[PDB]
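Residue numbers (the working numbering), protein chains in the order written: chain A, 1 to 104; chain B, 1001 to 1052; chain C, 2001 to 2052; chain D, 3001 to 3110; chain E, 4001 to 4126.
Even for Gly, the Cβ is constructed at its ideal location relative to N, Cα and C.
Read through the structure below, which is laid out as structure tokens, and then see the notes.
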Amino acid sequence: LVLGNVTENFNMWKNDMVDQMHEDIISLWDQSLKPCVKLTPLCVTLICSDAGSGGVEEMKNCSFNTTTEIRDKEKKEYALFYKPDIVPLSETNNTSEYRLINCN
Amino acid sequence: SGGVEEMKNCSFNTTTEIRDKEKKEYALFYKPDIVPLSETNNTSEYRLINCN
Amino acid sequence: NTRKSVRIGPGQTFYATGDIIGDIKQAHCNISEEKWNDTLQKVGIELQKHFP
Amino acid sequence: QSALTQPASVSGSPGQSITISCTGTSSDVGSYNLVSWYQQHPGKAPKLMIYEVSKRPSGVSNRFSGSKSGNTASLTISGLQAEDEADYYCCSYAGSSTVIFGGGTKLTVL
Amino acid sequence: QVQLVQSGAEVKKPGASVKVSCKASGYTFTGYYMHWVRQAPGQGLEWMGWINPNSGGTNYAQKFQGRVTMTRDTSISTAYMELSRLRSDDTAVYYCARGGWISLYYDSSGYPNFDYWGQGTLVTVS
Ligand SMILES: *[C@@H]1O[C@H](CO)[C@@H](O[C@@H]2O[C@H](CO)[C@@H](O[C@@H]3O[C@H](CO[C@H]4O[C@H](CO[C@H]5O[C@H](CO)[C@@H](O)[C@H](O)[C@@H]5O)[C@@H](O)[C@H](O[C@H]5O[C@H](CO)[C@@H](O)[C@H](O)[C@@H]5O)[C@@H]4O)[C@@H](O)[C@H](O[C@H]4O[C@H](CO)[C@@H](O)[C@H](O)[C@@H]4O[C@H]4O[C@H](CO)[C@@H](O)[C@H](O)[C@@H]4O[C@H]4O[C@H](CO)[C@@H](O)[C@H](O)[C@@H]4O)[C@@H]3O)[C@H](O)[C@H]2NC(C)=O)[C@H](O)[C@H]1NC(C)=O
Ligand SMILES: *[C@@H]1O[C@H](CO)[C@@H](O[C@@H]2O[C@H](CO)[C@@H](O[C@@H]3O[C@H](CO)[C@@H](O)[C@H](O)[C@@H]3O)[C@H](O)[C@H]2NC(C)=O)[C@H](O)[C@H]1NC(C)=O
Ligand SMILES: *[C@@H]1O[C@H](CO)[C@@H](O[C@@H]2O[C@H](CO)[C@@H](O)[C@H](O)[C@H]2NC(C)=O)[C@H](O)[C@H]1NC(C)=O
Ligand SMILES: *[C@@H]1O[C@H](CO)[C@@H](O)[C@H](O)[C@H]1NC(C)=O
Ligand SMILES: *[C@@H]1O[C@H](CO)[C@@H](O)[C@H](O)[C@H]1NC(C)=O
Ligand SMILES: *[C@@H]1O[C@H](CO)[C@@H](O)[C@H](O)[C@H]1NC(C)=O
Ligand SMILES: *[C@@H]1O[C@H](CO)[C@@H](O)[C@H](O)[C@H]1NC(C)=O
């Protein structure tokens, strides 16, 4: 509904509802990641080599020793991780040991 | 150095930011926080009073 | 000494005692003797009303 | 964290007031009031002459007065004789249970 | 009265170890600290750490890093210094001095109040 002859001083950069929307979206994204978290036991050494056929420019396969649903036994598993997601760990030039970026 | 009447050293190993390998750390804990778990006469196998 | 920061897991940092700079001494509390003595005297004076 | 700064030597006629001062940082003199002074004859052991910052020990004539001001501690002597020709040193509580001694002066009589 | 006596003068070689004793007589030595200072011939004074005669607690100054060890015994009333890895810079005279009062309630270790001293041992190296 358009009003009759009202003049009102607006402002854009001093707005409470922008801050309210930002805090609501942040709290909603905090709430949506609550009941399903499943990547804390992946903080292990990843023995990453070059990928298949020698023509891959972004991925290394990063085979790791992981824990199955049974606690006593383990098994060998491989993947495909990206280069910005993977950070090597060493005190020297060790080209066959890498680490996931969020464990640090 | 010398001897402290209330503090034990209690060096322990702990988990680093990766799961696979362990690192050795140390602290100094008070005497009423440290309990000797022992089924024998061992005077260096201690634990915290929490974990019971 | 300080809160020696020891890291456990991905992000948890607990603070534990380091060494002790200097000599070790007792941790004590000090209460004046004459004030405590006549405080107990006044408490006895008042409590003697309830016990003849 | 070196030694306290100190004049190399001082001179004075008998009966003339002589002031000796040593300067330190904020962690040596400017925070703790434990600043003592020692003299020694050449070839002999040192001897205490001033307590914590300004107090006189027993068996000492009332001629040595010590004072501090900010980061500087000074010792003032009036009525000098020929027996005051000695080497004078500063010391202070340096923190973390350590003691730092001064450079030292030499007093020349006239 | 109160006297502090030390050992005799010692001549050594570089790389060896020197031992300086200090006997305290005239007072109960288990209630007072004992500090050690160093005097090079023609230079100022340098301070090494203190020894607590009751519980054997030690402190050491910097640029030493545990290359000097101080110990004591309560039987013969004598304090000991074991200085190792000698050098030509360490040609000096060593004194033992009586410090503050052990009080069991405050830290009186760093009090620079030295009354009584030994006559000093001359340690020279080739
Ligand atoms: C909570 O409460 C507790 C109490 O339960 C608190 O704990 C107390 O804290 C205070 C802190 O001030 C301590 O006080 C110190 O006391 C000692 C006393 O020991 C000596 O004095 C005895 C007699 O002195 C008494 O009487 C005289 C008068 O006759 C009086 O002037 C004096 O103040 C005192 O009241 C001696 O008998 C005793 O000798 C005994 O032991 C010998 C062991 O070897 C033995 O041989 C003897 O035969 C005898 O059995 C002992 O010598 C004081 O020494 C000390 O005062 C020093 O330090 C302060 C601060 O620097 C300084 O201002 C003083 O001037 C004095 O400085 C001297 O320090 C060195 C002491 O030798 C010395 O190296 C210095 O040169 C300096 O000069 C003295 O010696 C020269 C040379 O001899 C002399 O000419 C001078 O006159 C001078 O005396 C403290 O006052 C309490 O001891 C302590 N209580 C206990 C149980 O430990 C606690 O602090 C509270 N906490 C809180 C948070 O509140
Ligand atoms: C009780 O213990 C604490 C912790 O060790 C002592 O604090 C430390 O005091 C020393 C003074 O000797 C500080 O060293 C100085 O640090 C400054 C920093 O800029 C430096 O410029 C000086 O040259 C000197 O090295 C040390 O930093 C300080 N520690 C901390 C964590 O602040 C304290 O002195 C002890 N109490 C007593 C009465 O000695
Ligand atoms: C990534 O590299 C690893 C090397 O560890 C490969 O793992 C094995 O590759 C051989 C080759 O075919 C297979 O026979 C094995 O079965 C693989 N191991 C497992 C546990 O399956 C992995 O195949 C590579 N990934 C590719 C090429 O996509
Ligand atoms: C708003 O004010 C103007 C000025 O008098 C007037 O002409 C106009 O009719 C007003 N608007 C309404 C809806 O009355
Ligand atoms: C995981 O793989 C096998 C399975 O037990 C094991 O021999 C190996 O040592 C483990 N660790 C690594 C880093 O491969
Ligand atoms: C602790 O972990 C380390 C890993 O380096 C290991 O060598 C040691 O045997 C473990 N146990 C104790 C009691 O130190
Ligand atoms: C451990 O806990 C039990 C009860 O759960 C208790 O009876 C026992 O005394 C505790 N151990 C110690 C050493 O206090």
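Pull up the DSSP beta-bridge partners for residue i, would you.
{"i": "B:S1038", "result": "Paired residues: none, contrary to the question."}
{"i": "C:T2013", "result": "C:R2007"}
{"i": "E:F4029", "result": "In the DSSP output, where bridge partners are listed per residue, E:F4029 has none listed."}
{"i": "E:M4070", "result": "E:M4081"}
{"i": "E:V4018", "result": "E:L4083"}
Could you give the distance in angstroms between the alpha-carbon of residue i and the alpha-carbon of residue j?
{"i": "C:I2020", "j": "D:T3108", "result": "45 Å"}
{"i": "C:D2023", "j": "E:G4049", "result": "12 Å"}
{"i": "B:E1017", "j": "E:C4022", "result": "52 Å"}
{"i": "D:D3028", "j": "B:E1039", "result": "53 Å"}
{"i": "D:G3015", "j": "E:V4037", "result": "34 Å"}
{"i": "D:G3102", "j": "E:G4099", "result": "18 Å"}
{"i": "A:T7", "j": "A:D16", "result": "21 Å"}
{"i": "A:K60", "j": "A:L46", "result": "10 Å"}
{"i": "D:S3026", "j": "D:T3076", "result": "22 Å"}
{"i": "C:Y2015", "j": "C:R2003", "result": "5 Å"}
{"i": "A:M12", "j": "A:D19", "result": "12 Å"}
{"i": "D:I3020", "j": "C:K2025", "result": "37 Å"}
{"i": "E:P4041", "j": "B:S1011", "result": "46 Å"}
{"i": "D:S3002", "j": "C:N2001", "result": "23 Å"}
Using a Cβ-Cβ distance under 7 Å, would residue i count as near chain D?
{"i": "E:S4007", "result": "no"}
{"i": "E:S4109", "result": "yes"}
Between residue i and chain A, is any beta-carbon pair separated by less than 7 Å?
{"i": "B:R1047", "result": "no"}
{"i": "B:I1034", "result": "no"}
{"i": "B:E1039", "result": "no"}
{"i": "B:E1022", "result": "no"}
{"i": "B:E1017", "result": "yes"}
On the premise that residue j lies in contact with residue i, defined as a C-beta separation below 8 Å, what is that separation, rounded to the nearest angstrom?
{"i": "B:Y1026", "j": "B:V1035", "result": "About 18 Å separates the two Cβ atoms, so there is no contact after all."}
{"i": "E:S4007", "j": "E:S4084", "result": "Actually they do not touch by this definition, with Cβ atoms about 17 Å apart."}
{"i": "B:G1002", "j": "E:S4055", "result": "5 Å"}
{"i": "E:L4004", "j": "E:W4117", "result": "6 Å"}
{"i": "D:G3012", "j": "D:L3110", "result": "7 Å"}
{"i": "E:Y4094", "j": "E:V4002", "result": "With a Cβ gap of about 20 Å, E:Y4094 and E:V4002 do not count as contacting."}
{"i": "B:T1043", "j": "C:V2006", "result": "Incorrect: roughly 25 Å between the Cβ atoms, too far for contact."}
{"i": "E:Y4032", "j": "E:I4102", "result": "7 Å"}
Could you confirm whether any beta carbon from chain B is found closer than 7 Å to the beta carbon of residue i?
{"i": "residue 105 of chain A", "result": "Residue numbering for chain A in the displayed model covers 1 to 104; residue 105 of chain A lies beyond these limits and cannot be assessed."}
{"i": "E:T4058", "result": "yes"}
{"i": "E:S4055", "result": "yes"}
{"i": "C:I2008", "result": "yes"}
{"i": "A:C103", "result": "yes"}
{"i": "A:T45", "result": "yes"}
Just checking: is the beta-carbon of residue i within a distance shorter than 7 Å of some beta-carbon in chain C?
{"i": "B:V1004", "result": "yes"}
{"i": "E:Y4105", "result": "yes"}
Could you check whether the Cβ of residue i sits closer than 7 Å to any Cβ belonging to chain E?
{"i": "D:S3097", "result": "yes"}
{"i": "D:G3012", "result": "no"}
{"i": "D:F3101", "result": "yes"}
{"i": "C:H2028", "result": "yes"}
{"i": "C:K2025", "result": "yes"}
**OP:** For ligand 5, enumerate in chain order all residues having a CB closer than 5 Å to any of its heavy atoms.
**Re:** Qualifying residues, in the order they occur: A:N65 and A:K76.
Subject >> Residues with C-beta closer than 5 Å to any heavy atom of ligand 4, in chain order >> reply: Every residue passing the under-5 Å Cβ criterion appears here: A:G4 and A:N5.
Original post:
Around ligand 1, which residues pass a check of Cβ closer than 5 Å to any of its heavy atoms?
Top reply: Going along the chain, the residues that qualify are C:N2030, D:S3058, E:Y4027, E:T4028, E:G4031, E:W4101, E:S4103, E:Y4105, E:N4113 and E:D4115.
Subject >> Lining residues of ligand 7 - beta-carbon closer than 6 Å to any non-hydrogen atom, in sequence order >> reply: Chain-ordered list of matching residues: B:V1035 and B:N1052.
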